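A.B. asks: This is the structure I have questions about; it appears just below.
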Amino acid sequence: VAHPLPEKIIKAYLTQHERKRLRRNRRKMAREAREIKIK
Amino acid sequence: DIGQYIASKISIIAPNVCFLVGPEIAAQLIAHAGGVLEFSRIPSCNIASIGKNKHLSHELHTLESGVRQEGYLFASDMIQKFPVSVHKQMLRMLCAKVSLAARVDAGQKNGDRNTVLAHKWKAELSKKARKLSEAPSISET
Amino acid sequence: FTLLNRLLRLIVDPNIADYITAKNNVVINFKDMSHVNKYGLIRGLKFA
Amino acid sequence: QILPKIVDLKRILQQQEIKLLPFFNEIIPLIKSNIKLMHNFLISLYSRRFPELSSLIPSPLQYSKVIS
Amino acid sequence: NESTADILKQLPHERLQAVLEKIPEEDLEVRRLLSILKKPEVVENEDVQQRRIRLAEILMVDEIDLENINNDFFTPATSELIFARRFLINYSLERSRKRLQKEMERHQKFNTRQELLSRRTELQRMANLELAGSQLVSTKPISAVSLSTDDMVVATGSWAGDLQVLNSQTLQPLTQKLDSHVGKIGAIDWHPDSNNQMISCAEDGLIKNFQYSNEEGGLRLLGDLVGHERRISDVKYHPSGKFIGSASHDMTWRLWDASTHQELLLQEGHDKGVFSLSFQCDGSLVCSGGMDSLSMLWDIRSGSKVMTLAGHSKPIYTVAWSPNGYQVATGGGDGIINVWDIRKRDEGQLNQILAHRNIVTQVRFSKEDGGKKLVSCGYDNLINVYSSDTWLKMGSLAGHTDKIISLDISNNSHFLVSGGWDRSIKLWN
Amino acid sequence: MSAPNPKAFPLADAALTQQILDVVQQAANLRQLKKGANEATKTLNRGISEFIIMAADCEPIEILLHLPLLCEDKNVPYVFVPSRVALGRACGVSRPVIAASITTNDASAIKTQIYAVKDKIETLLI
Amino acid sequence: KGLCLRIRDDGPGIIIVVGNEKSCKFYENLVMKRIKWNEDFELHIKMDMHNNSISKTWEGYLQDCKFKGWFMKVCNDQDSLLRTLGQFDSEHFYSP
Amino acid sequence: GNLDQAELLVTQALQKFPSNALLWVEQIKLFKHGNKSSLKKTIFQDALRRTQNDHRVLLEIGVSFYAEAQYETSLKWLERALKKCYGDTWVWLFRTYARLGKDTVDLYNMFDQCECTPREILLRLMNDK
């Protein structure tokens, strides 16, 4: 006879080395791109 | 007298640390910090200096192991059963696993004290020690 | 050395005697081989 | 007052030989501090006599016996 | 012309730059594709252009496709309970009729001068109070303080899970301290009659019934009470005295029997932890506080939720019940104390004290007199006193260096006892 | 999420957790942050700690459970944050970190933040 | 959001501000620590306000803010003020 | 009694100011019988760095040695406290000398140049130990 009534109801970081690899690999693609575009 | 009394009943008060290092040592350790709590309050880098007798200028000590501080732990079983070159790395590796064990012992209720963390923690130490002693594979010319 | 640190503390203030005593342990390496020098003197040192 | 207390305490620990473990937790730092007070009190006695010994033999027991 | 744009296309920078233009440019759309793809929504410092480039890159590395392809029960049991339910019907009905008859007798006298003077005198006396003395208990803030019915002893638990008893009047040191098997104590309460028993709710999910023996420090366990999985935030006695309510976390407050030490009613219906519990003076209802900010009334004899009350935007910590029986007070981390007069039932509804600041911990009425004064204790370090009709803040009292966990007031209202974070119990005139 | 470990209290919600890990990295750049369970334990004994942050998902969790007991003694606020990997990231480490300690500098620029986060943390100890 | 009131001109008054938690802190820091209420000004004649003071009563959270915008007004009595708050059901915010 | 709460009060008070020279005087007075031998070095360092090291902290370190032992060590701390000067140091100076002896007579002119019965109070405080 008891009623069990019902209940009633971001960002991520990155380190210094990670910054380095992202920046290096980002600058390398662009630079090599300008190299082949010059050739 | 106190220290000898602790070694008898210690398997009750600190079952993990006596499982890793052994009771004759753990009794000396707990005996030093004067409890399980006060010993688990201790950072792991301060644990290796306990058995160290004293430092004096004329002692003339540089070990082949590279150990700067020889404590009650450096005489344990899990260290000196391995070759000499591995000792310096095992202290730092064992000391931590001792501390955590103590930090389990402070949290275990007095009525029921339980292991099975120290089993994994011997597995990691012994295996990782074999690995530290395993030496590189050969390289192609 | 246990005799040297004393004989040196006779002739010299202790800080220099301790330096001279501990400076001779070091570790000795030739390629593969390595040994700590407990006993003999290393005469390759300027003060030797 | 030291010996009647220490004899009663060692006789206490041999008599049972859980509730007394907190009293260990209290008594352990006290023992060490007292040992150091008395050791440092022996150095005060040997400042005139044999001064280097305090540096030579660090531990309180061996120092105390070498005194004897 | 082919080998010219083929090398240019084979190059990774151009291969990414061609993908960059075809992904749409807005904050929420860039963000939505990232959130769906499970990659980090935001990174430390980026302009939305750089975020868009992180779209392009992440699409390139994984070689994943384009955003095109990317996108109530009634449960029979326990007849033995149903007997106790009949008992609560008889008891609470008689007691209720008696209370309301008494109130009717009070409405007859009127004579506004007697009442208005009495209130003013009470307000001056409360504006007088200062602390007589503090004390020490342990090193852990003091989680619970409780006065016995005769107001001759205090009972204090703390975050250490050890409770000790004190002499109310004096406060020099204690009768005896006991260290319970349990770690962290939420609340404690005295049996309404004998003053031979306490009861303690603490973090282990176990509730201890203590036998307080004469002047002896021989406090003895009458029984242990089980069936809470989580920590228990509060425990109370049913004002009849046979039954013991308990409210904890697992969204279940349980109505229990003191004698048999049995679980009777397992109640459900809070979305989150149930932090508080209170019984009506008549023992008719029980009001329940929770972390879901929903104060929830319960008719114990009908097992039926009666009326649900949300005046709070944050967790409800303390639920105090008026000795008059037709009102209720709650308080929570929002720093507001809601007073609900259930009788009026249409519109006056809540009257909400703006209370303290920085939460509210315990709210309490005045036991004798039918209750007028409100004594509330928060983390503002202060303590407030409120009238029961004007609900105007009358006076506030600063004796504490730290925040206040717990408080009681004497039956005769001549001593205000408060523990807190400063680890000192402080007595107030 | 998984079942939040009942032994983990208080557990910061995501709105507060963003603020917490954010002040964490904001501290690390000023090297006002100590990281690790041992290196938080050092800050509690010394008494320079503002508030301790810990991972609620640490397996086993019995290794960090002394820090609540030490913080109650030193009257230091402490919270649990849901995931140890994000806590490791905010500290600037690429590998999980189950405890961190914000130290005390009153001439620091981030003081006002740390006091706000403490005022919100002390709200959850009840 | 919020409102501002007082009693006539020299009469005391109440300030209420609601919103995100970052702005409320900066406005508290405006009223209390920045602005000096005891400081004397020469009104368009000298005025000595040294007795005047500011105090915060409570701070907390709400289900909704019925304030549409922030506005300042002037009430002659203590009643029509409590009705001014009565429009927002805020009548209990004033503490006599 | 119960210096155990005194620890806590030093903490709460000490976080507010923080830099008061006195609060570090009691903080250092705590580790005498405070049974904590691990942190006393550090906090000494800390109490020196946070206080813009002050004659009162210096004095309490010197006394912290002398009370224990190593009367020669506390000479460096007390004498190092003098150079920033004020009567609280001279007593412990004359006690450390009173243990090491023979230097007392030459140091009297310094006590006059720092200034009645001061000379009398000195002989009153030499009779303490």
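Note that chain E carries Swiss-Prot numbering, so the residues on display, from first to last, are 22-92, 108-465.
The header says electron microscopy, 3.4 Å.
A Cβ is built for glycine as well, from the same backbone N, Cα and C atoms used for every other residue.
Under the heading repeat 'WD 1', Swiss-Prot lists E:173-212. Residues or ranges marked as repeat 'WD 2' by Swiss-Prot: E:216-256. Per Swiss-Prot, the feature repeat 'WD 3' maps to E:263-302. The annotation repeat 'WD 4' is assigned in Swiss-Prot to E:305-344. Taken from Swiss-Prot, the feature repeat 'WD 5' covers E:347-386. Residues or ranges marked as repeat 'WD 6' by Swiss-Prot: E:391-432. Residues annotated as repeat 'WD 7' in Swiss-Prot: E:435-464.
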A.B. asks: Could you break down the residues of the repeat 'WD 6' (E:391-432) into DSSP helix, strand and coil, giving a count for each?
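C.D. replies: Once the DSSP states are binned, the repeat 'WD 6' (E:391-432) shows 3 helix, 16 strand, 23 coil.
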A.B. asks: When you scan the chain for residues with a C-beta under 8 Å from the repeat 'WD 2' (E:216-256), skipping those not six or more beyond its ends, what do you find?
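C.D. replies: Counting only partners 6 or more residues beyond its ends, the repeat 'WD 2' (E:216-256) has Cβ contacts under 8 Å with 179-186, 189, 191-199, 201, 262-273, 275, 277, 280, 282, 284, 292, 294, 297, 442.
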A.B. asks: Is the repeat 'WD 6' (E:391-432) packed against any residues at least 6 beyond its ends, judged by a Cβ distance under 8 Å, and which are they?
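C.D. replies: Hits for the repeat 'WD 6' (E:391-432): 155, 158-159, 162-163, 165, 353-360, 363, 365-373, 375, 438-449, 452, 454, 456, 464.
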A.B. asks: Please give the sequence-distant neighbours of the repeat 'WD 5' (E:347-386): residues at least 6 beyond its ends with Cβ less than 8 Å from one of its Cβ atoms.
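C.D. replies: Contacts of the repeat 'WD 5' (E:347-386) (Cβ under 8 Å, skipping residues fewer than 6 from its ends): 132, 135, 139, 308-309, 311-318, 323-331, 333, 392-407, 410, 412, 414, 416, 422, 424, 427.
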A.B. asks: Which numbers of helix, strand and coil residues does DSSP report for the repeat 'WD 4' (E:305-344)?
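C.D. replies: Result for the repeat 'WD 4' (E:305-344), in helix, strand, coil order: 0 helix, 19 strand, 21 coil.
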A.B. asks: Going by DSSP, how much of the repeat 'WD 2' (E:216-256) is helix, how much is strand and how much is coil, in residues?
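C.D. replies: Helix (H, G, I), strand (E, B), coil: 0 helix, 18 strand, 23 coil.
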